[PDB]
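First up is the structure itself, then whatever we jot down about it.
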Amino acid sequence: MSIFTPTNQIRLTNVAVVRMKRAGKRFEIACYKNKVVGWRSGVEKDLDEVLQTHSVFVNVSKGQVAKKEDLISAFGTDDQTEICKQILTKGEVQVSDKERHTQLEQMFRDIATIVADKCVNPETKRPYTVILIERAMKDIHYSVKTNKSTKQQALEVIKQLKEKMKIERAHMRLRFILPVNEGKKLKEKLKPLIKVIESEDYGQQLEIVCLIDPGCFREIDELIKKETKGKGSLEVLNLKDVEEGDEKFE
Amino acid sequence: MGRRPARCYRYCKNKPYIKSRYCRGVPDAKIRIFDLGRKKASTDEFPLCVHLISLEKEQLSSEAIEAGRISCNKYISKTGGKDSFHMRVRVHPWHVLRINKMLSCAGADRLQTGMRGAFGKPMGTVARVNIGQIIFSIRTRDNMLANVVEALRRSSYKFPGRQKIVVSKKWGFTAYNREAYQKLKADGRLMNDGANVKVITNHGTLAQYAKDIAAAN
RNA sequence: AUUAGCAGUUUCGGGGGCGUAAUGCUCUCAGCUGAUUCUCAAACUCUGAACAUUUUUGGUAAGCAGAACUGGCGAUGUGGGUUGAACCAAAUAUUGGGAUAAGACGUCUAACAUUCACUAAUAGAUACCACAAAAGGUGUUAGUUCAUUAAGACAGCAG
RNA sequence: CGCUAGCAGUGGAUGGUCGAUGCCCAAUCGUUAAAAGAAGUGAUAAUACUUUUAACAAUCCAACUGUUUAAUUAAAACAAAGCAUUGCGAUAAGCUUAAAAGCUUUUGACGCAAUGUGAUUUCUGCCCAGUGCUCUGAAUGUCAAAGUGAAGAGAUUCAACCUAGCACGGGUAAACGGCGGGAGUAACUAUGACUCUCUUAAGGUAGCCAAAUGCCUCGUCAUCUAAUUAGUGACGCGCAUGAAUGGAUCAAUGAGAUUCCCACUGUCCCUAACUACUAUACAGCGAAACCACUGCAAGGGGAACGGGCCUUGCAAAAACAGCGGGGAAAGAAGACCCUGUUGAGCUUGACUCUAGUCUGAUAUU
RNA sequence: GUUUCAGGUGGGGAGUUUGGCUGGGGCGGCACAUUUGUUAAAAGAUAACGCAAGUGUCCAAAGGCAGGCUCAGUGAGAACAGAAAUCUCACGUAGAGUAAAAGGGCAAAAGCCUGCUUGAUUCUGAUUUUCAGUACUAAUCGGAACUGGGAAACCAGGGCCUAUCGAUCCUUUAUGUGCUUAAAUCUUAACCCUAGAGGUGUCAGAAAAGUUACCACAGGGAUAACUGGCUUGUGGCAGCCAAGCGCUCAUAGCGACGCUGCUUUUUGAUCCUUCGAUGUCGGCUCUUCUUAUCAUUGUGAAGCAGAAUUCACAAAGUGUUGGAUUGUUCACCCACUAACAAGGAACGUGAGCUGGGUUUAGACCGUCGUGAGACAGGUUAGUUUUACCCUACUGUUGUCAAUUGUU
RNA sequence: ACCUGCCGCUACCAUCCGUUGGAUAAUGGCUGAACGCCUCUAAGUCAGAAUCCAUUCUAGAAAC
């Protein structure tokens with residue numbers, strides 16, 4: 001019986017558990033929560049600092065120490081320090097709440113920054129400001145996601161901001177050179193559908209066009225072209241920060 | 001070692017480990033430097049030497065040593081300068097400390113923390129010194145004594161336990177006393193070596209010799 | 001294993017100053033060599049030592065764990081250490097007297113005097129042993145070295 | 001206790017005294033060793049004996065009714081209608097039985113047997129590599145006994161022939177089950193349709209979600225609250241969701257699980273009063289478990305938390321009614337944990353066997 | 001169909017096993033038979049899950065023998081020759097190599113090269129090593145056959161030495177054609193006899209998989225889970241040092257690298273105490289104590305003008321809150337307050353409570369498992385017994401059950 | 001059952017009541033040396049805590 005003479009207990013960890021499934025076998029390690037991030041940020045603070053223990057476990061939560069056969073088979077080596085290091089680099093890493101929040105914060109900044117790269121242009125000396133966008137994002141409220149990439153998130157959320165309202169971003173000139181015969185055809189379809197500028201049809205000197213996108217919507221402008229005539233004689237790609245010749249759009 | 005408190009090791013015990021083909025996993029010593037001031041100073045200008053000695057037999061950590069050297073290297077400057085201090089320390093740390101880690105535990109244990117496979121892993125490089133064995137040593141000009149004793153004094157704080165300061169009776173980094181140093185100059189047996197003295201002495205390791213006086217002279 | 005400068009090199013390494021630049025010299029700095037210097041290297045060694053105490057491995061340590069030599073404790077107690085399995089003396093048939101051991105000698109508690117210092121502290125009071133350190137004190141005691149002093153010192157006050 | 005200006009403290013000096021089961025001496029008894037005999041047994045006639053000498057409003061879940069673990073689980077468990085699969089046309093299927101024999105069978109697929117899921121509603125994606133099943137498969141590699149051929153004088157040996165099952169080849173996933181890993185990939189896309197590649201056959205479709213399934217985790221956002229590790233609604237590379245291992249929905253239903261609001265205010269801060277009844281006093285009537293001994297403390301050391309030991313504090317007959325700090329209280333040779341070459345109940349692709357069954361064979365013939 | 005044998009299928013059922021070491025037991029490891037150096041304390045013997053390493057082999061040559069030679073390395077030279085190929089010469093006590101570990105050994109060799117060879121053969125007696133003066137392994141020493149090598153001297157029991165390995169039983173080989181097979185006898189077959197081989201690595205040698213939270217027995221404080229004890233790496237607090245900050249200015253306030261403590265309010269380590277049973281975690285209740293003092297009393301510093309704050313002494317005398325959320329101390333918010341300081345009392349306080357966790361059975365999921373089942377994962381429901389004994393406390397009588405006057 | 005309900009108990013669901021002297025610690029001074037000056041200190045002394053001990057209150061001894 002238990003109730004009389006010790007009724008017994010369970011015990012909980014407070015140590016990070018870096019985990020990786022190789023060959024269908026979970027290996028884990030013993031590290032702390034606010035070191036395992038710092039290792040990967042180029043803060044080489046001795047490996048013996050980040051490791052609380054140098055050993056590998058099948059499950060470090062209970063405490064089942066890992067086997068030599070399992071190790072060598074799964075890593076191509078039985079030496080443990082190296083394996084531990086590998087785990088630290090590669091495997092999923094548990095983190096604290098504060099640590100998690102930091103990442104989120106960083107992401108928030110990033111998604112503002114990406115919006116700031118190309119902003120609204122009356123001339124070419126106005127906004128390009130990160131802060132305002134960030135503020136807007138904060139005040140509209142949306143779930144910032146670590147699985148979601150930053151650029152994608154920005155793309156998603158700018159739409160929302162648009163109907164706040166707040167006008168954002170500026171377009172650039174991705175330039176092309178079409179053929180003589182097919183160029184005309186392209187022009188016939190692409191004129192009312194999307195904005196097309198610097199159009200000059202010729203019999204001998206080919207046709208030049210400039211499809212309007214910010215770089216982040218270059219799949220939609222080209223798809224039609226691909227469908228109709230394929231690739232051009234030359235296809236000009238420019239940077240996603242400035243249009244090479246100063247932006248004047250939106 | 002800055003992880004531990006050094007109470008843990010300030011008593012000279014356990015036969016002494018080393019770096020080798022046997023103890024490979026060591027960290028690198030804290031002090032990898034034994035060069036404080038003007039090393040390119042002649043032996044015939046800095047006739048004083050002061051010494052600092054561990055009063056107590058004990059270990060003497062690398063970190064501690066390092067700390068000490070910048071009581072004689074900040075204080076090199078405020079008093080005199082580089083043209084007074086020549087220091088070779090006069091102890092190194094060959095000896096290593098192990099650490100059977102149970103830090104693993106902060107809530108529970110795996111049981112490997114226990115004394116099974118107890119033997120610790122290299123962590124902390126350190127020196128071993130008797131009571132005589134010397135630990136700092138400034139060869140200097142004889143207008144700098146109180147402005148170098150206070151360096152030594154300062155250093156002494158940063159060693160465990162009791163530390164005695166002294167001035168010798170020699171030209172420093174030499175066997176020969178100040179009384180027997182003047183002999184060398186006088187008798188034509190002084191041979192300079194940019195730091196040391198070789199001191200010319202007649203001897204026989206040949207067949208029939210006379211260059212043993214006429215070699216260095 | 002590893003610290004320092006030194007010298008002798010530079011058709012071998014590199015960069016400067018000296019005729020444009022070098023390795024032609026001279027420099028700091030590479031390499032090699034020669035003589036000296038720092039720490040000597042459990043798995044190095046030319047040489048070579050005579051539970052507790054002593055030795056000693058792990059271990060931050062542990063009234064932890066693991067060995068060696070001797071001693072005990074344990075399967076012997078008594079006196080002594082207040083008390084106490086192991087420390088001290090010392091071993092027990094049963095007694096008498098004498099003298100001791102360790103330990104004591106104001107009182108508890110058998111046992112004293114004489115003599116010199118030191119301490120003035122909410123102290124200080126016998127191994128094992130019931131902890132104390134680095135570091136401070138113009139506290140008092142005891143010393144040691146150099147300096148000054150009747151060519152008049154020291155502190156004081158006065159110019 | 002107390003001590004202090006010599007101290008009864010510390011460090012000395014010169015004597016001196018107390019004091020062990022130790023030592024000395026003496027005595028007494030035993031033991032030993034040696035020796036002696038009329039044992040103070042000088043009329044006895046003893047030696048198996050004596051003597052001497054010496055030494056020692058909301059969410060979840062379940063459809064609902066119902067049922068269940070009599071003395072701890074009434075639920076979200078079980079069941080169930082519905083949905084699905086399987087086997088079987090009788091000398092069947094399933095079954096019991098040593099045998100004889102029998103049941104389901106007063107039965108005949110509109111059934112019986114065996115599953116699995118669990119009403120409705122809407123949906124059930126891919127995979128047959130495995131493991132199981134299934135075979136009317138190519139027919140042959142293996143393949144026992146009897147049977148057969150040879151050798152040998154025979155015992156015997158050696159050979160061919162070869163069934164079932166195995167192996168091989170197909171069927172099978174509302175059967176057990178899974179539904180990746182590394183490269184790029186629908187502006188890097190959120191994600192992964194895709195292309196390469198490996199593993200094993202495939203690589204999570206519809207949906208769903210920090211869910212009774214989310215380690216990190218009190219995730220991120222919104223809401224609800226003055227404030228919420230709670231709730232709900234969103235987000236979703238989901239440590240480890242997902243389609244009869246059933247997925248998603250949900251009216252009614254619920255001694256089920258959770259949140260909030262309203263009725264609730266002694267389940268309100270803060271307790272109060274009142275009555276019954278017991279208790280409490282009497283009168284009769286009378287009991288056990290327990291109990292080494294025993295009951296005052298502080299500290300010390302000691303199987304390291306003493307009531308006893310030691311040193312201090314102290315101490316006052318006999319008792320009553322309350323109280324629950326202590327008796328490392330009591331009830332129970334802890335079943336938590338380990339051990340013992342101790343067991344059991346169950347499981348499986350342990351070892352060994354086996355009921356039964358499938359085929360082969362002789363005899364029956 | 002029955003029979004009786006045969007093969008298959010056959011956890012439906014039966015009977016059994018599921019090693020050991022172990023700073024609890026698992027998980028991990030092998031310190032289980034063995035070799036090297038150190039541990040190892042100048043004979044020897046000596047442990048730990050002590051350290052740095054090795055073994056389950058290989059070699060007709062990497063054996064045996066004679067002779068002949070010298071190796072590592074360096075230097076200076078030389079069509080082709082590359083710095084570095086090959087070929088000279090000097091200097092080279094070994095730094096080379098010797099199947100493999102490391103230690104030793106070693107130069108007219110034990111290395112390398114050549115030749116010839118099969119002593120890597122057989123019988124026997126003694127011994128060594130660990131020792132249980134037993135067994136085995138491996139080795140040594142001679143004696144007799146058979147050889148081999150070299151002129152011979154001599155050497156040759158395989159490997160330069162220390163490791164490289166295995167009982168009865170059973171089977172099988174080799175051998176004298178031995179011995180029996182018990183009425184004589186013959187041919188077989190069979191057993192012996194003698195020496196080998198097959199092998200047991202748990203290595204002086206069981207044929208062996210799980211789970212049990214549906215469980216049970218015998219014992220264990222040799223041994224885990226709470227306390228307490230020692231310990232204090234880790235935690236918490238405090239000192240000393242002063243490089244620097246503090247504009248300037250080391251110490252108003254901080255204080256580097258560095259160094260010494262204390263604490264037991266963290267967690268480990270340990271396993272002394274308890275398994276003839278100290279009822280485990282929190283909350284409520286209630287006292288007590290500690291101070292490492294948050295407030296207040298009184299004081300002193302300040303970069304203290306005032307204001308507010310900061311630092312410190314004495315001091316523990318009195319205070320030390322209301323709530324959301326959480327099983328929760330811990331955590332984090334809202335609100336008050338002079339302040340909402342940290343602690344201790346068997347992680348104070350279960351015959352004081354509650355049972356929200358943790359603690360059995362039932363049961364849902366998810367991951368894991370062929371499965372029975374597992375989870376320091378989540379979820380849900382789960383009987384908290386006894387004071388009428390002694391003491392302690394609270395109050396209530398009564399008494400020096402007369403101290404030698406009543407009242 | 002409900003309303004009302006004295007007496008009685010009871011409520012921060014009400015009312016009343018909660019003192020003054022010495023002794024100091026820290027600390028701030030005095031006179032004043034050791035150490036011709038100096039210095040709160042040594043000899044000595046002053047002021048001085050929610051502190052201590054009395055006064056107050058409770059109880060009332062194998063005490064009178």
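Residues in the structure tokens are named by chain (A, B, ... in the order shown) and by number from 1 within that chain; ligands are numbered from 1 in the order shown.
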Go through chain D residue by residue and, counting only C-alpha atoms (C1' of nucleotides), keep those with an atom at most 12 Å from chain A; for each kept residue give the shortest atom pair and its distance in Å to one decimal, ordered by chain and increasing number, as JSON lines.
```
{"residue": "D:180", "atom": "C1'", "partner": "A:24", "partner_atom": "CA", "distance": 9.6}
{"residue": "D:181", "atom": "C1'", "partner": "A:23", "partner_atom": "CA", "distance": 8.5}
{"residue": "D:182", "atom": "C1'", "partner": "A:22", "partner_atom": "CA", "distance": 11.3}
{"residue": "D:186", "atom": "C1'", "partner": "A:219", "partner_atom": "CA", "distance": 9.0}
{"residue": "D:187", "atom": "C1'", "partner": "A:216", "partner_atom": "CA", "distance": 4.7}
{"residue": "D:188", "atom": "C1'", "partner": "A:151", "partner_atom": "CA", "distance": 8.0}
{"residue": "D:189", "atom": "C1'", "partner": "A:152", "partner_atom": "CA", "distance": 6.2}
{"residue": "D:190", "atom": "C1'", "partner": "A:148", "partner_atom": "CA", "distance": 5.9}
{"residue": "D:191", "atom": "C1'", "partner": "A:148", "partner_atom": "CA", "distance": 9.8}
{"residue": "D:199", "atom": "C1'", "partner": "A:23", "partner_atom": "CA", "distance": 9.7}
{"residue": "D:215", "atom": "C1'", "partner": "A:94", "partner_atom": "CA", "distance": 7.8}
{"residue": "D:216", "atom": "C1'", "partner": "A:94", "partner_atom": "CA", "distance": 4.8}
{"residue": "D:217", "atom": "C1'", "partner": "A:97", "partner_atom": "CA", "distance": 8.0}
{"residue": "D:218", "atom": "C1'", "partner": "A:97", "partner_atom": "CA", "distance": 8.7}
{"residue": "D:219", "atom": "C1'", "partner": "A:97", "partner_atom": "CA", "distance": 8.5}
{"residue": "D:220", "atom": "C1'", "partner": "A:143", "partner_atom": "CA", "distance": 5.3}
{"residue": "D:221", "atom": "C1'", "partner": "A:143", "partner_atom": "CA", "distance": 4.9}
{"residue": "D:222", "atom": "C1'", "partner": "A:141", "partner_atom": "CA", "distance": 8.3}
{"residue": "D:234", "atom": "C1'", "partner": "A:143", "partner_atom": "CA", "distance": 9.4}
{"residue": "D:235", "atom": "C1'", "partner": "A:143", "partner_atom": "CA", "distance": 6.5}
{"residue": "D:236", "atom": "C1'", "partner": "A:147", "partner_atom": "CA", "distance": 8.8}
{"residue": "D:237", "atom": "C1'", "partner": "A:147", "partner_atom": "CA", "distance": 7.1}
{"residue": "D:238", "atom": "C1'", "partner": "A:147", "partner_atom": "CA", "distance": 11.9}
{"residue": "D:239", "atom": "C1'", "partner": "A:92", "partner_atom": "CA", "distance": 8.8}
{"residue": "D:331", "atom": "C1'", "partner": "A:4", "partner_atom": "CA", "distance": 11.7}
{"residue": "D:332", "atom": "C1'", "partner": "A:1", "partner_atom": "CA", "distance": 9.7}
{"residue": "D:334", "atom": "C1'", "partner": "A:1", "partner_atom": "CA", "distance": 5.6}
{"residue": "D:335", "atom": "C1'", "partner": "A:1", "partner_atom": "CA", "distance": 5.9}
{"residue": "D:336", "atom": "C1'", "partner": "A:2", "partner_atom": "CA", "distance": 5.7}
{"residue": "D:337", "atom": "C1'", "partner": "A:8", "partner_atom": "CA", "distance": 10.4}
```
With a cut-off of 9 Å, could you pull out the residues of chain E touching chain A and give me the nearest pair of atoms for each, distance in Å to one decimal, using only C-alpha atoms (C1' of nucleotides), ordered by chain and ascending number, as a tab-separated table?
```
residue	atom	partner	partner_atom	distance
E:26	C1'	A:64	CA	8.6
E:27	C1'	A:64	CA	4.2
E:28	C1'	A:65	CA	5.3
E:225	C1'	A:8	CA	5.4
E:226	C1'	A:6	CA	6.2
E:275	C1'	A:5	CA	8.8
E:277	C1'	A:5	CA	5.8
E:278	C1'	A:5	CA	7.8
E:279	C1'	A:4	CA	4.2
E:280	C1'	A:7	CA	4.0
E:281	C1'	A:9	CA	8.1
E:358	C1'	A:9	CA	5.7
E:359	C1'	A:7	CA	5.8
E:360	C1'	A:1	CA	8.5
E:376	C1'	A:11	CA	5.2
```
*9 Å contacts from chain B to chain C using only C-alpha atoms (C1' of nucleotides), as a PyMOL selection string*: chain B and resi 4+6-9+14-20+22+33-35+39-41+88-94+99-100+115+118-120+157+160-162+173+192-198
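Ranking E:391, E:145, E:72, E:12 by their shortest atom-to-atom distance to residue E:95, with only C-alpha atoms (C1' of nucleotides) included, puts E:72 first.
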*Could you pull the residues within 9 Å of stretch 256-265 of chain E, counting only C-alpha atoms (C1' of nucleotides), minus those fewer than 4 positions along the same chain, as a PyMOL selection string?*
(chain B and resi 6-7+63-68+70+157-161) or (chain C and resi 132-135) or (chain E and resi 232+236-244+342-344)
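Reported to one decimal place, the separation of atom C1' of residue E:216 from atom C1' of residue D:339 is 15.9 Å.
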_DSSP-assigned helix (DSSP H, G or I) among stretch 3-249 of chain A, expressed as a count of residues only_ = 97
Residue A:179: which residues within 10 Å, counting only C-alpha atoms (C1' of nucleotides), same-chain residues fewer than 4 positions away excluded, as an mmCIF file with C-alpha atoms, in the first residue's frame?
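Final file, part_36.cif:
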```cif
data_model
loop_
_atom_site.group_PDB
_atom_site.id
_atom_site.type_symbol
_atom_site.label_atom_id
_atom_site.label_comp_id
_atom_site.auth_asym_id
_atom_site.auth_seq_id
_atom_site.Cartn_x
_atom_site.Cartn_y
_atom_site.Cartn_z
ATOM 1 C CA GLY A 183 4.838 41.068 -79.544
ATOM 2 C CA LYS A 184 1.816 42.634 -81.231
ATOM 3 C CA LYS A 185 -0.364 39.737 -80.091
ATOM 4 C CA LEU A 186 0.902 40.138 -76.530
ATOM 5 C CA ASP A 201 5.751 48.585 -82.070
ATOM 6 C CA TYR A 202 8.038 48.272 -85.133
ATOM 7 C CA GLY A 203 8.493 46.016 -88.169
ATOM 8 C CA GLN A 205 13.377 47.069 -84.656
ATOM 9 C CA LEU A 206 11.276 44.553 -82.589
ATOM 10 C CA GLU A 207 8.866 45.557 -79.761
ATOM 11 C CA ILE A 208 9.935 46.775 -76.294
ATOM 12 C CA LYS A 229 4.410 33.472 -76.748
ATOM 13 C CA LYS A 231 10.033 33.919 -73.058
ATOM 14 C CA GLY A 232 11.281 37.136 -74.701
ATOM 15 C CA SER A 233 14.544 37.914 -76.504
#
```
*asked:* Under the rule that only C-alpha atoms (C1' of nucleotides) are counted, which of C:86, C:27, C:99, C:111 is the nearest residue to residue C:51?
replied: C:86
Just the residues within 12 Å of residue F:43, please, counting only C-alpha atoms (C1' of nucleotides), with nothing from its chain fewer than 2 positions along; format it as a PDB file with N, CA, C and O atoms (P, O5', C5', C4', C3', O3' and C1' of nucleotides), in the first residue's frame.
```
ATOM      1  P     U F  31      35.600  70.362  25.797  1.00  0.00           P
ATOM      2  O5'   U F  31      36.561  70.074  27.038  1.00  0.00           O
ATOM      3  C5'   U F  31      36.335  70.704  28.319  1.00  0.00           C
ATOM      4  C4'   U F  31      36.656  69.768  29.464  1.00  0.00           C
ATOM      5  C3'   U F  31      38.002  69.066  29.421  1.00  0.00           C
ATOM      6  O3'   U F  31      39.049  69.943  29.811  1.00  0.00           O
ATOM      7  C1'   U F  31      36.341  67.512  30.030  1.00  0.00           C
ATOM      8  P     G F  32      40.350  70.078  28.896  1.00  0.00           P
ATOM      9  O5'   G F  32      41.063  68.664  29.077  1.00  0.00           O
ATOM     10  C5'   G F  32      41.274  68.078  30.376  1.00  0.00           C
ATOM     11  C4'   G F  32      41.604  66.610  30.239  1.00  0.00           C
ATOM     12  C3'   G F  32      42.753  66.285  29.298  1.00  0.00           C
ATOM     13  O3'   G F  32      44.019  66.500  29.920  1.00  0.00           O
ATOM     14  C1'   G F  32      40.923  64.863  28.819  1.00  0.00           C
ATOM     15  P     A F  33      45.278  66.932  29.027  1.00  0.00           P
ATOM     16  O5'   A F  33      45.200  65.891  27.820  1.00  0.00           O
ATOM     17  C5'   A F  33      46.286  65.007  27.468  1.00  0.00           C
ATOM     18  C4'   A F  33      46.271  63.753  28.312  1.00  0.00           C
ATOM     19  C3'   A F  33      47.251  62.668  27.891  1.00  0.00           C
ATOM     20  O3'   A F  33      48.573  62.950  28.325  1.00  0.00           O
ATOM     21  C1'   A F  33      45.157  61.685  28.357  1.00  0.00           C
ATOM     22  P     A F  34      49.824  62.628  27.382  1.00  0.00           P
ATOM     23  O5'   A F  34      49.769  61.045  27.236  1.00  0.00           O
ATOM     24  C5'   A F  34      50.048  60.191  28.357  1.00  0.00           C
ATOM     25  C4'   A F  34      49.836  58.745  27.978  1.00  0.00           C
ATOM     26  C3'   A F  34      50.611  58.256  26.760  1.00  0.00           C
ATOM     27  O3'   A F  34      51.968  57.937  27.057  1.00  0.00           O
ATOM     28  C1'   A F  34      48.358  57.595  26.560  1.00  0.00           C
ATOM     29  P     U F  41      38.026  59.558  21.662  1.00  0.00           P
ATOM     30  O5'   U F  41      37.627  58.167  22.345  1.00  0.00           O
ATOM     31  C5'   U F  41      38.414  56.959  22.169  1.00  0.00           C
ATOM     32  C4'   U F  41      38.428  56.125  23.436  1.00  0.00           C
ATOM     33  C3'   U F  41      37.063  55.594  23.900  1.00  0.00           C
ATOM     34  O3'   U F  41      36.908  54.275  24.458  1.00  0.00           O
ATOM     35  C1'   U F  41      38.055  56.868  25.620  1.00  0.00           C
ATOM     36  P     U F  45      31.966  57.703  35.686  1.00  0.00           P
ATOM     37  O5'   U F  45      31.428  58.909  34.798  1.00  0.00           O
ATOM     38  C5'   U F  45      30.970  60.104  35.441  1.00  0.00           C
ATOM     39  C4'   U F  45      30.705  61.196  34.435  1.00  0.00           C
ATOM     40  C3'   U F  45      29.467  61.049  33.567  1.00  0.00           C
ATOM     41  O3'   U F  45      28.239  61.278  34.265  1.00  0.00           O
ATOM     42  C1'   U F  45      31.252  61.844  32.253  1.00  0.00           C
TER      43        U F  45
END
```
*From a DSSP calculation on the backbone, collect every residue of stretch 59-108 of chain A in strand (DSSP E or B) and output the set as a count of residues only.*
4
